[PDB]
Amino acid sequence: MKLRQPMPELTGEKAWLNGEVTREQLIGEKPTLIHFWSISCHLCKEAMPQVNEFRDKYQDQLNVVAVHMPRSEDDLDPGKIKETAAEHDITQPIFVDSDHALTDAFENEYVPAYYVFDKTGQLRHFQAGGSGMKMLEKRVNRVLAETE
Numbered sequence: 001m002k003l004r005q006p007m008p009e010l011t012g013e014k015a016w017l018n019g020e021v022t023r024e025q026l027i028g029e030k031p032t033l034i035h036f037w038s039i040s041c042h043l044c045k046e047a048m049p050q051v052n053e054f055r056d057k058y059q060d061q062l063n064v065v066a067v068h069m070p071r072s073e074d075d076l077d078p079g080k081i082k083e084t085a086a087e088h089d090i091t092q093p094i095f096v097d098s099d100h101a102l103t104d105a106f107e108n109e110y111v112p113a114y115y116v117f118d119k120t121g122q123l124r125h126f127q128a129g130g131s132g133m134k135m136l137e138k139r140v141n142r143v144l145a146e147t148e
């Protein structure tokens with residue numbers, strides 16, 4: 001992905017978790033985090049509790065949403081996604097997509113990964129494979145300082 005592109009096909013259908021929401025309902029008011037995750041990956045299990053405290057710290061200041069990547073037999077099934085999500089206290093909207101609409105635009109082939117957007121929905125930064133989201137917390141504060 002190039003930076004400064006608008007958020008494209010923010011949709012899913014296989015399942016969705018806590019809620020689902022479109023670009024035009026997220027942007028207009030606050031910057032955004034989209035993150036891609038899998039219940040099969042060790043670094044996603046470290047990102048997950050950090051996503052819970054990040055959501056709490058930043059929900060008033062930045063939107064959060066997630067996209068599950070079906071990648072392996074242990075994350076292939078949305079009941080497993082639901083049950084694992086409930087334990088991680090992730091309460092942002094999440095979707096799972098069998099059509100992989102974002103993989104047509106982003107060309108997703110990475111997890112965990114994180115994409116941070118300004119309040120008009122232009123991509124400001126992208127990172128992947130962090131120690132959970134500990135670095136990403138800084139870039140989000142940097143994007144707040146670009147959007148306030």
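Sequential numbering of the sequence shown, starting at 1, is according to PDB author numbering.
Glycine included, every Cβ here is placed at the ideal spot set by N, Cα and C.
Query, Result
"Backbone CA spacing between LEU76 and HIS35 [nearest angstrom]", "18 Å"
"Rounded distance between the beta-carbons of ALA128 and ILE81, thought under 8 Å", "Not a contact, Cβ separation roughly 20 Å."
"Touch test, the region 49 to 66 against the region 20 to 34, Cβ-Cβ under 8 Å, three pairs minimum", "yes"
"Where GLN5 sits in the DSSP three-state scheme", "coil"
"For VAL64, the first and last residue of its enclosing beta strand (DSSP E)", "63 to 68"
"Within 8 Å, strictly: CB atoms of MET48 and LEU123", "no"
"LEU102 - containing beta strand (DSSP E), residue span", "Not the beta strand (DSSP E): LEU102 falls in the alpha helix (DSSP H), residues 101 to 105."
"Supposed close pair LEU102, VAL67 - CB separation, criterion 8 Å", "6 Å"
"contact_flag[the region 39 to 47, the region 110 to 117] where n(CB pairs < 8 Å) is 3 or more", "yes"
"Residue from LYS57, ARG142 and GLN5 with nearest C-alpha to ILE90", "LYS57"
"Beta-carbon spacing of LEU17, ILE94 below 8 Å", "yes"
"Per DSSP, cross-strand counterpart(s) of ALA145", "In DSSP, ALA145 forms no bridge with anything."
"Neighbourhood of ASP99 by C-beta, 7 Å cutoff - its chain only, sequence neighbours within 5 removed", "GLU13"
"Cβ distance (whole Å) where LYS119 is taken to contact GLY28 below 8 Å", "7 Å"
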